[PDB]
Every structure is written in C-alpha cells, then in structure tokens.
C-alpha cells in the first residue's frame, strides 16, 4: 500500500515521519488524493535539484491525463500564469507593482495592523488572530497593492476557501467564483478611477495598442491570481507564524525587546513554516535521475518544502529558531528557480510589520484555548486553523 499524502493537516507541528523519510528515502513513491502516483522529495539537496531543473515543469502539471496532486480549480492555461505574463511582456511591470517599497505602502500596512489590533483590544479577549487580524491585514494589503477599493476586498476574499481547496474531484463552486471574479477584474480594467497599484498599471498598458495582442482575459486573470495567491499565502503564513511565536514566549519577549531582530525572526518563522499543505507539484518532461530514482517522463514529483527546510544537513538544529544563522534566507519557503515567489519581498514585510505591531500592542499574547482545540482546515492548499483564539 502506497504512503498517502498529505500526511497531516496540522500546521503547528511537523510529523516525526518526515525526518524518517528524508534520511532513508529522500525520494519516495506516494499516492495523492486523486489516486495518482507521485515521487515525494524531502531533502534539501533533492528538493533544490528538482526546483532548479526546468525539465521538471510547472506548466505541464496541467497537461491532460497527467497524474495530478489535486483537481484544477482554474483553467488549465492559468497554471502557466507567470509564463503568460512574461510572454505578454508584463513581467517587470507586475513585479514592480507588488513591491513593498511603493510610496506610503509600508505605513499603510503598519497603520492597518495597528487599527485591527486596537479594535481587538477594545472588543476584549479572546480575539481571533486569523479572521480578525492576519486575514484582514492580508486582504487590506492586497486591495492597496492591486489598486482596488478596500470595500471590494471581502467579496474577492470569499472565493478563497474554495479556490484554494486541494480536492480529489472537480469543484463546481470554483468555476462559478472564478468567472465572477474574472468579470469583476475586467470591470476594474475599464474603470477610469483605477489609477494606482497593479490594476492601474495593467489598465493603462491595456489602453496601449502595443499590448493589443494581450487579451482582456489575461489582464483580468493576473488580478484574480495575484490577489488570491497573495492573500492566501500572507494570511496563512502570518497566522501559523503567530502560533510558532506564541509557543516560544522567550522569542516573543526577545523580539519585543530587540525589534531590530524581527526580520531575522520572520526569516526563521518562514523556514520552519508548515503553511503549504502539499509538496510543490512538477511534471517530468524527460527521464531524469533524482537520488536513487529514475523519474520517468510524464511522472509527478512533489517537492516537500518542510522536508528541505528542516533538513539538518543544511540547517543544523533545524527545529530551533536561531537568529544568527549564516545563510538564513536559503530556505525554500518561497521556492527556488524559475518559479521563485514574485511576492516574497511583500510577504516578508507583511509578516514583519504584523508581528511588530502585535508584539507592541499585545506583548503578553498567548493562546486562549488548548492547542489541540484548534480546528485544522482539511483538503486545502494551506494548513491553517479555522480560528486562532488568543488572550493578552
């Protein structure tokens, strides 16, 4: 019987099995939720090998009849979204619009984190740091980044509990939501009041006849895809980083006292983060040797990020947060190679600012329920608790 993936929906603790698997079988046959076979890769060396070799293709994971990690929740072409962006001549533009350096942006993040936190302090403990802090901070950020009205955020957010499912079967709601969100974005592109952020930029490139080969659909897809990827990734990461920090009171206290180390703290929280529920999928486009396995053309490979990130061969004392590591950014939390996360800078600043605000307003933050009372979302592309009850 094949080892089934994923092993655990819990985002607070790495299963003991990962260390077992990594040492003895850093590439191992598994079965996914669709019933497909796959190669799960779990050492830093093999994970990096896979991500650095472009013949392990992201685009081709959408190929018809390919073994699948999970059901598509987007059109097959949209799996190649970053490639379409590059081909449309929109790459450095997209990347420029999603940098945290934008005028006023970091102060907006800061003031938004502090306002959310003041509201929670007024309502009284317990507070839910996912639904009433991390996710709203993520959503407010991405509305600003995209240049769309803040009041439009909640509804785009609504789609995400389905869009980012990791399902054995197709999801009818995913298509309905996708089509509505695409239509919304299309409308944003023609709205002359939208002059800032990613959509403001994309909108004026759309008016340019030099971009006449670029469909309206792709422009709109970029907005929907970046909003969703950024909101789900930042909100989910911050949420489970807060659990990591809460469980390490002396770290909490150290960062509160020495906020200059908060970036180093966040980098370690990224390294040990369990937010990705599944390995990153790739399809082999050739026969390629990975460890003791010849991966065959057409086979699915899953790059287990926490495999690499907890690998003591690369990170000594891997379960420990150490702020003085010599190569602290070398984890795979943002991936590697061709598909390295284009939002990584913004991801770091969202978490840095969110944590700094929280530590200053709630220096005594702690869980308000036993950790085993958290409800872990299942069959989802991220590991998150439904609610994160705290007191302070």
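Definition used throughout: the rigid core is the maximal C-alpha set that superposes within 1.5 Å between two forms. Residue numbers count along the first chain shown, from 1.
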- Task: Please indicate which stretch deviates more in 8 other deposited structures of this protein: 212-220 or 287-295, judged by C-alpha RMS distance after a core superposition?
- Result: 212-220
- Comparing 142-150 with 201-209, which has C-alphas lying farther from the shown form in 8 other deposited structures of this protein once the core is aligned? 201-209
- Item | Per the entry, higher mean C-alpha B factor between 205-213 and 112-120 | 205-213
- Of 141-149 and 126-134, the stretch whose C-alpha atoms average the higher B-factor in the entry: 141-149
- Message: Looking at 83, 223, 312, 307, which one carries the largest C-alpha B-factor according to the PDB entry?
- Response: 83
- Entry record, C-alpha B-factors for 282, 258, 271, 252; the maximum is at 258
- Note on the structure: residue 278: C-alpha B-factor third of its chain, per the entry, is the lowest
- Note on the structure: Quick tally, chain-level thirds of C-alpha B-factors: residue 14 sits in the middle
- Report the third (lowest, middle or highest) to which the CA temperature factor of residue 367 belongs, ranking only the modelled residues of the same chain. lowest
- Message: Sorting by Cα B-factor within the chain, modelled residues only, which third would residue 316 end up in: lowest, middle or highest?
- Response: middle
- Query: Lowest, middle or highest third: where is residue 267 by Cα B-factor in its chain?
  - Reply: lowest
